[PDB]
Chemist: 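This structure is in structure tokens; I'll ask about it shortly.
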Amino acid sequence: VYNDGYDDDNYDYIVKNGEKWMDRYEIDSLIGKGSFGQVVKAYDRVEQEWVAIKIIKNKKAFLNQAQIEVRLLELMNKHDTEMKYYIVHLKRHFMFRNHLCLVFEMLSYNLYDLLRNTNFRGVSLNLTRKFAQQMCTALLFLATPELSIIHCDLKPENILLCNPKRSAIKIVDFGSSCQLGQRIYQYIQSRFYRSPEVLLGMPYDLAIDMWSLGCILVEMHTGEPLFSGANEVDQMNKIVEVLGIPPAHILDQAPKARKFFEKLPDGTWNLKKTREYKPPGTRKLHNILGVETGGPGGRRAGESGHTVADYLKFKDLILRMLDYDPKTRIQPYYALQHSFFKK
Ligand SMILES: c1ccc(CNc2nc(Nc3cc(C4CC4)n[nH]3)c3sccc3n2)cc1
């Protein structure tokens, strides 16, 4: 027996469908499993609503890590207040049979689910524009100095949709998140969405999230991840195909520079001859987007909001979000003033 019979050998709560916790939560099913522990779908009898409960493992390590998450979730709750910034907010937390329990809103679809509903051909630049304004709004919120939060894991899997309030998304999972300055790491973000500064072992700040958003916006409208590397070297080759050799002022300061590039005798940087690759900067965004050919594989030809001028506005935005230099990558405030959003 562990935790009086309520826990398994591995510090996790033994989930039984139908259990009433404190005459308030009727548990329906396990819906989630992670290093942190378990997520459950439950009916909150008092608020007459479905909720998702994150049961943290019964272990000092995981409890204090989850208590870091609770700090950020609640700081994100002091600000905001009217739940209007596309963040899946913490409704509350309680201790039940020696497990920390975070209660969240239940949402049953992520961005992925919406791209399988398109057989991965993607969505109108009109819908992309809507989500983009939602995501950018969220990153603007996260960049409030008091917050200065880095999500560190933006990906379609972590972007949930409000079916009820159709054409609305929310960012989820702040368990991998950290605050500006907290202390640099080295292997963060989902590979496909991983910033060049992180690939290069350099320091990072809120801009890594804007990078990940650039790659998600393209993947929303093409149906296809922009940069699907099978390891870090392939990932950085796939980036260079599109954006060229990173500038010198960046590579000259990058610990992992030589894991991908080689400094020639004249001081100029180049790639390394070990799957061969387009030469640098020749898989153009202008073409992937189909800017002059009615969108990716010219599918939205004619359709309102898919004019050349629309795509010149979109490409300019993406390319500003995919800047190699995190000092000059577009920040969410100027990103919201972009013409791609304007009348
Ligand atoms: C385990 C389970 C869930 C997560 C967050 N990912 C997630 N959450 C969902 N639902 C969910 C989570 C939440 C908050 C508990 C975090 N509300 N609703 C859904 S519905 C379809 C895919 C999907 N992916 C992370 C680990």
Side-chain angles (χ1 to χ4, degrees), residues 112 115 120-122 128 153-157 187-202 204 207-272 277-293 295-299 311-312 314-330:
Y112 201 64
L115 297 174
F120 303 111
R121 310 226 226 291
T128 300
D153 202 26
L154 281 189
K155 61 181 178 214
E157 309 80 297
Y187 186 82
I188 64 183
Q189 316 187 270
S190 216
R191 199 193 308 143
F192 297 8
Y193 314 95
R194 174 166 309 131
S195 60
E197 47 264 25
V198 165
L199 276 167
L200 294 173
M202 298 171 76
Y204 56 79
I208 76 183
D209 279 342
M210 192 62 67
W211 178 281
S212 309
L213 181 48
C215 298
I216 288 159
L217 291 188
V218 171
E219 165 172 4
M220 274 180 45
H221 193 13
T222 74
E224 212 159 319
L226 175 62
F227 301 128
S228 47
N231 62 67
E232 285 222 327
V233 184
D234 177 43
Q235 185 73 16
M236 173 65 98
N237 271 294
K238 302 229 164 103
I239 294 163
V240 168
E241 278 189 345
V242 168
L243 294 174
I245 299 314
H249 71 278
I250 290 182
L251 293 177
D252 288 354
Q253 298 292 324
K256 302 181 98 207
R258 307 211 144 71
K259 165 177 198 183
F260 310 111
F261 312 94
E262 72 207 0
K263 207 176 196 183
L264 288 205
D266 45 1
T268 79
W269 294 91
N270 280 240
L271 244 8
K272 271 158 54 111
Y277 295 122
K278 273 82 169 155
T282 56
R283 168 156 179 270
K284 282 286 188 213
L285 189 54
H286 194 96
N287 291 161
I288 303 162
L289 280 188
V291 165
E292 244 140 35
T293 65
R299 305 177 249 274
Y311 280 107
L312 287 180
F314 188 43
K315 186 188 76 156
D316 180 54
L317 178 58
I318 298 314
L319 286 190
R320 298 268 305 101
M321 288 183 175
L322 293 196
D323 189 344
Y324 269 131
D325 186 344
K327 246 74 65 102
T328 68
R329 196 176 297 142
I330 198 151

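Worth knowing before you read on, the calculation uses all heavy atoms, side chains too, and leaves out hydrogens, waters and symmetry mates. The first residue in the sequence is number 1, and the count goes up from there.
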Chemist: Supply the atom-to-atom distance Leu213 CG to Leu317 CG, rounded to the nearest 0.5 angstrom.
Modeler: 8.0 Å
Chemist: Can you name the nearest heavy-atom pair linking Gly229 to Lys238, along with the distance?
Modeler: CA-NZ, 4.0 Å
Chemist: To the nearest 0.5 Å, what is the distance between CZ on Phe227 and CG on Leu322?
Modeler: 5.5 Å
Chemist: List the atom of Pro246, the atom of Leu251, and the distance in Å for their closest heavy-atom pair.
Modeler: O-CD1, 3.3 Å
Chemist: Around atom CD of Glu157, are there more than 12 heavy atoms of other residues, nucleotides or ligands at under 6.0 Å?
Modeler: yes
Chemist: Kindly compute the distance separating NE2 (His221) from CG (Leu226), expressed to the nearest 0.5 Å.
Modeler: 13.5 Å
Chemist: Search all heavy atoms of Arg329 against all heavy atoms of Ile208 and return the closest pair with its distance.
Modeler: NH1-N, 3.9 Å
Chemist: Kindly compute the distance separating CG (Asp209) from CE (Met321), expressed to the nearest 0.5 Å.
Modeler: 11.5 Å
Chemist: Could you pull out the closest heavy-atom pair between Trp211 and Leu243, with the gap in Å?
Modeler: CH2-CD1, 3.6 Å
Chemist: Checking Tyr204 against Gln189: is there a side-chain donor and acceptor pair closer than 3.5 Å?
Modeler: no
Chemist: Please lay out, stage by stage, how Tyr193 and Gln235 fare under the test side chain to side chain contact (heavy atoms under 4.5 Å, CB included).
Modeler: CA-CA 9 Å; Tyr193 314 95; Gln235 185 73 16; over 6 Å; no
Chemist: To the nearest 0.5 Å, what is the distance between CZ on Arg194 and CG on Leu200?
Modeler: 11.5 Å
Chemist: Drop me the distance from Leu285's CG to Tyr311's OH, to the nearest 0.5 angstrom.
Modeler: 11.5 Å
Chemist: Within the 3.5 Å criterion, strictly below it, is a donor on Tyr277 or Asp234 matched to an acceptor on the partner's side chain?
Modeler: yes
Chemist: Can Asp316 and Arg320 be counted as an ion pair, charged N to O under 4.0 angstrom?
Modeler: no
Chemist: Would you check, one step at a time, whether the test side chain to side chain contact (heavy atoms under 4.5 Å, CB included) holds for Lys256 with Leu199?
Modeler: CA-CA 7 Å; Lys256 302 181 98 207; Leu199 276 167; over 6 Å; no
Chemist: Restricting to non-hydrogen atoms, name the atom on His286 and the atom on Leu312 that form the minimum distance, rounded to 0.1 Å.
Modeler: CE1-CD2, 4.2 Å
Chemist: Which pair of heavy atoms, one from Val240 and one from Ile245, lies closest together, and at what distance?
Modeler: CG1-CD1, 3.7 Å
